[PDB]
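> So I pulled this structure from the PDB, and the sequence comes with it:
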Amino acid sequence: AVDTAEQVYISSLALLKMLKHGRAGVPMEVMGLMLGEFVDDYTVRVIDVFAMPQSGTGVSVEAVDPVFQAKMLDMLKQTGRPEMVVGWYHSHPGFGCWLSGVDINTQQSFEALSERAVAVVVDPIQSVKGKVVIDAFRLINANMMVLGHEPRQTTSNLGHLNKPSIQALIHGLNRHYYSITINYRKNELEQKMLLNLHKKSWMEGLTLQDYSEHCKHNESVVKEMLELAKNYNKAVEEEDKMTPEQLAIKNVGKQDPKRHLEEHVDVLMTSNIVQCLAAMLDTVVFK
Amino acid sequence: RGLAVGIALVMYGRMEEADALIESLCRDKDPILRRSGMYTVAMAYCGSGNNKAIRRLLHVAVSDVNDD
Amino acid sequence: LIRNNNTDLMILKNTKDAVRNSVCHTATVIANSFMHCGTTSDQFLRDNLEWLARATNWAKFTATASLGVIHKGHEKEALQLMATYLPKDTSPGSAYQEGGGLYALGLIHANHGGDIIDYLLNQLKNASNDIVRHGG
Amino acid sequence: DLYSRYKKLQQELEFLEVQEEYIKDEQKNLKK
Amino acid sequence: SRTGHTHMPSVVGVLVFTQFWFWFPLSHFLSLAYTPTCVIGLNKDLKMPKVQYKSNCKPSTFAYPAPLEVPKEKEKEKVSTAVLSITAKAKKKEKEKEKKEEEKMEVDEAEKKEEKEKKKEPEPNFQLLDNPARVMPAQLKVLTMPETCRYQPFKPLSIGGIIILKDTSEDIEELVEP
Ligand SMILES: [Zn+2]
């Protein structure tokens, strides 16, 4: 009985507790616990995340408070749901993700206690634009050290979700743990009530943004579009057989032809239509 | 996934009698079961140039979000 | 299929030498079973075994499955072939032999109703759990 | 002869309407 | 299949073979889709008679060689001496020295052309074939019935599978059972 290509399920609230606790203590490598359920042999799920108070030692086994462990679990049994811990996490701000020296020491305690106890490393400050730098890892033994680690077998969902990155494979990764796959438990009864309630405005759709700010904009764009038409005349009346596909590449200027064309005309079209349709509907509805 | 191919393979070439089941599996939000209906509409319409099949199968080939 | 046995052995050897320490062993024992399908020609299960005994934990399930692929459509001799490589007389500790063995009987006698349906019926009455009920 | 030609022109016409509908979606999709 | 219908094993065998992402040992199921490219000339319930019939290929022959298992024994063996110098007229006067030594003492060697071209053109597209005869499915229509033999077919023979021969008039013979 040995590993395969596993799968990690995370709940929607679990990821939100990760990025919020990471954004809170952005300099000093925050630490917390991960509470879920072992559903089968080789897929792990997590429903809940609660953090840890800050220890002066740092991210290690000494940052784990056993009296804050059991008494926090004492409350969650009688309210909500009791379940077994399945792992832990921390935050590593200075890089993306790889298990460091004091990372790997406290992992050995957890895999001695649990079956797997999957680690999770998240950089809070790297994740900015629309994506999150989250990855989960899991330590390997020394029994197959001259053999091929990660004993994976009959599947084809292993080549996805990441290739081993060179900022991560220069450290441990390969001959010390392995990487694991993470998707999201995307659910209904949460997805639309997060979408429609976060981005919404009722009366904005039929406002006017006035005329004194709007006729000035219609005044402005036509004036350079006149000179854009004069520059459009210049290339059309030119029309010389100087190998015109080579004549165009020696006359590149990030300019006219068709790019600096009707793009403005489309904006002039859409602005006045939405302005006039809002004007005509408002005369219709109100008295 | 074992029952995905299994309910696709319980019907074979009925060519009109699966259409209530084809509509039922794809309207659900289970991604495996939507995938299971796609193997079901394949095996119920074997070798026939069905215009309704090639319309509907290409329609979910555009607009659906899961890759599988 | 036995009187027109022109397969090639050296192509399978000129792909054998490039086999590194990956899980391509399952990919090779599915390759020879394709190009010896119905041939009933066992030479790779004769000329070498130490390379065949390298991979494990599902390749044994794959290899004894490939034994049934080479013997596709072997009605009576396939019963006594397995009778020799029995689900309980090769090794009682490996469930992958008895799992893929019952899977190999299904590969041989597809679309053939007989005692082999009843023979696999009685061994799904008394079986282990995980990789016995698969190939059964 | 002629009945088979009339059925195949029915089929091919309803075929390339569907592949016309595919390119309508993709050109709409690539704008987004 | 043969007669316009489609196979139920060849469909089911290939569609679970598509599911080799999620499980590698489902790839054994493609063996169901392996249908023979052979004809069978069984006339009686037991006799398969040894019959000879031929081909109608347009300009040649093909199929089933699989011959090539050379390791391509290659040699570096040389780098060409490209000293272009007084060498050029020095080898030329050496070839003048051979025009006194070769053609005046003994050189009478000869060879013959077009022996190897001769065997190619009268070739056989008329290949004769016993009972379980393989044939590529592209040549189910450019085969030829055994009309030159005594034992001539009865079933319309245009696609591979199994047929009856009309084993014609008396003295029936030619068993084969291995
Ligand atoms: Zn760390």
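Now that the structure is in, tell me what you want to look at. Numbers count the residues shown, from 1 in each chain, chains lettered A, B, ... in the order given.

> so residue A:96 sits right up against residue A:165, yeah?
Yes: assessed by C-beta atoms under 8 Å, residue A:96 is found in contact with residue A:165 at 7.4 Å. Every residue, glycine included, has its C-beta placed from N, CA and C.

> and the two? which has more neighbours close in?
Neighbour count, other C-beta atoms under 10 Å in any protein chain shown: between residue A:96 and residue A:165, residue A:96 has more, with 17 against 14.

> List the contacts of residue A:81.
Each residue near residue A:81 by C-beta atoms under 8 Å, 6 or more residues apart in numbering or on different chains is listed here: residue A:47.

> what about it, distance to chain D?
41 Å (C-beta to the nearest C-beta, to the nearest Å).

> Please report how far that residue lies from residue A:36.
11 Å (C-beta to C-beta, to the nearest Å).

> got any residues that touch both of the two?
residue A:47.

> Pull the number of nearby residues for residue A:275.
17.

> Residue A:220 versus the residue nearest to it when sequence neighbours are not counted, what's the distance?
The spatially closest residue to residue A:275, leaving aside those adjacent along the chain, is residue A:214, at 6.1 Å (C-beta to C-beta, 6 or more residues apart in numbering or on different chains). Counting by C-beta to C-beta, the gap from residue A:214 to residue A:220 is 11 Å.

> Those two: which is more packed in?
residue A:214 (14 against 10).

> shouldn't the more buried one be in contact with residue A:276?
No: using C-beta under 8 Å as the test, residue A:214 is too far from residue A:276 to be in contact (10.5 Å).

> And the residue most central in space within chain D, how far from residue D:9?
Centrality entry for chain D: nearest residue to the mean C-alpha point is residue D:16, 1.6 Å, by C-alpha atoms, centre = their mean. The spacing between residue D:16 and residue D:9, counted by C-beta to C-beta, is 11 Å.

> ok and the residue in chain B nearest chain A?
residue B:29 (6.1 Å; C-beta to the nearest C-beta).

> ok, now chain D?
residue D:31 (11.9 Å).

> Need phi/psi at that residue.
With angles defined as degrees, to the nearest 10, residue D:31 sits at phi -70, psi -40.

> That one: how many residues sit nearby?
Residue D:31, neighbours per other C-beta under 10 Å, totals 6.

> Now do the end-to-end distance for stretch C:66-76.
Terminal residues of stretch C:66-76 are spaced 18 Å apart (C-alpha to C-alpha, to the nearest Å).

> meant to ask about stretch A:168-186, not that
Stretch A:168-186: ends 28 Å apart by C-alpha to C-alpha.

> Going by neighbour count, list what's buried in it.
A:168, A:172-173, A:177-182 (16 or more other C-beta atoms under 10 Å in any protein chain shown).

> and if you look at stretch C:77-97?
C:78-79, C:81-82, C:87, C:95-97.

> could I get the residues you listed as a markdown table with secondary structure and distance to residue C:18?
Written out in a markdown table, the entries for those read as follows (DSSP: H, G, I helix; E, B strand; the rest coil; distance: C-beta to C-beta, whole Å):
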| residue | secondary structure | distance to residue C:18 |
| --- | --- | --- |
| C:78 | helix | 33 |
| C:79 | helix | 38 |
| C:81 | helix | 31 |
| C:82 | helix | 33 |
| C:87 | coil | 35 |
| C:95 | helix | 32 |
| C:96 | helix | 27 |
| C:97 | helix | 29 |
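
> Fine by me, thanks again.
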